[PDB]
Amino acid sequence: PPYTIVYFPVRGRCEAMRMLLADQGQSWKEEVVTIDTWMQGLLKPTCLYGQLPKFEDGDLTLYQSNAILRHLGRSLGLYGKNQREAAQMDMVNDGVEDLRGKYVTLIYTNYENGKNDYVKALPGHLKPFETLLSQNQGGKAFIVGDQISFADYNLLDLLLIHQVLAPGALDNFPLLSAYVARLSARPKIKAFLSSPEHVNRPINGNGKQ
């Protein structure tokens, strides 16, 4: 700490890290970058890869959302109890990222002509996570192990935005449905998902969801 999130005024690739920080009783500063400011092209060239979010943790400045998540997981003790779990958490998080990428592509470049197809192939992309849960404590714990990890927050966010994209998304996924509800009931999470900062923030930059 202190923690500072530099991002556009949307949930997008930052809602997961915010739930993590909130569920760990951490406070952070939000630096909102409007599209107008970004179009001026002043901040963009200063970003390592020309993109946001940008994260500041004390003297450390990071880019790449997944790198930020892993940093928080490693520093706040949300990365498993050993190398074996750490590897499994990375495997889970990479899967989460692959789906988010496709979700993003759908939202921003082909929403009206590709939603039906996307929702059609969605169960196939969610099944792996249902399987993962079934293999861990029968699915009554977390995605990996008995302790919540950064992967959980990223996966939770992914599942939540897909339930908005497709209402009955988890109908045929009992473990994932109970998983989402279980984590959403976590006091700090419930409070976060209920806060105005979160409610007032649109899921994506084009309003589509």
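All residue numbers refer to positions in the sequence shown, first residue = 1.
Engineer: Averaging the C-alpha B factors as listed in the entry, name the stretch that ends up higher: 173-181 or 151-159.
Structural biologist: Per the PDB entry, the higher value belongs to 173-181.
Engineer: Determine, for stretches 31-39 and 61-69, which one has the higher mean CA B-factor as deposited.
Structural biologist: Going by the record's values, the stretch with the higher mean is 31-39.
Engineer: Highest CA temperature factor in the entry: which of 93, 83, 116, 105?
Structural biologist: Top of the list by C-alpha B-factor: 83.
Engineer: Of the three thirds of its chain by CA temperature factor, lowest, middle or highest, which one includes residue 11?
Structural biologist: Lowest third of the chain for residue 11's C-alpha B-factor.
Engineer: Where does the C-alpha B-factor of residue 54 rank in its chain, lowest, middle or highest third?
Structural biologist: CA B-factor rank for residue 54: lowest third.
Engineer: Report the third (lowest, middle or highest) to which the CA temperature factor of residue 190 belongs, ranking only the modelled residues of the same chain.
Structural biologist: Ranked within chain, residue 190 CA B lands in the highest tercile.
Engineer: Consider only the C-alpha atoms of the modelled residues in this chain, order them by B-factor as the entry records it, and name the third containing residue 202: lowest, middle or highest.
Structural biologist: Middle third, going by the recorded CA B-factors of the chain.
Engineer: Consider only the C-alpha atoms of the modelled residues in this chain, order them by B-factor as the entry records it, and name the third containing residue 101: lowest, middle or highest.
Structural biologist: Within its chain, residue 101 is a lowest-third residue by C-alpha B-factor, going by the deposited values.
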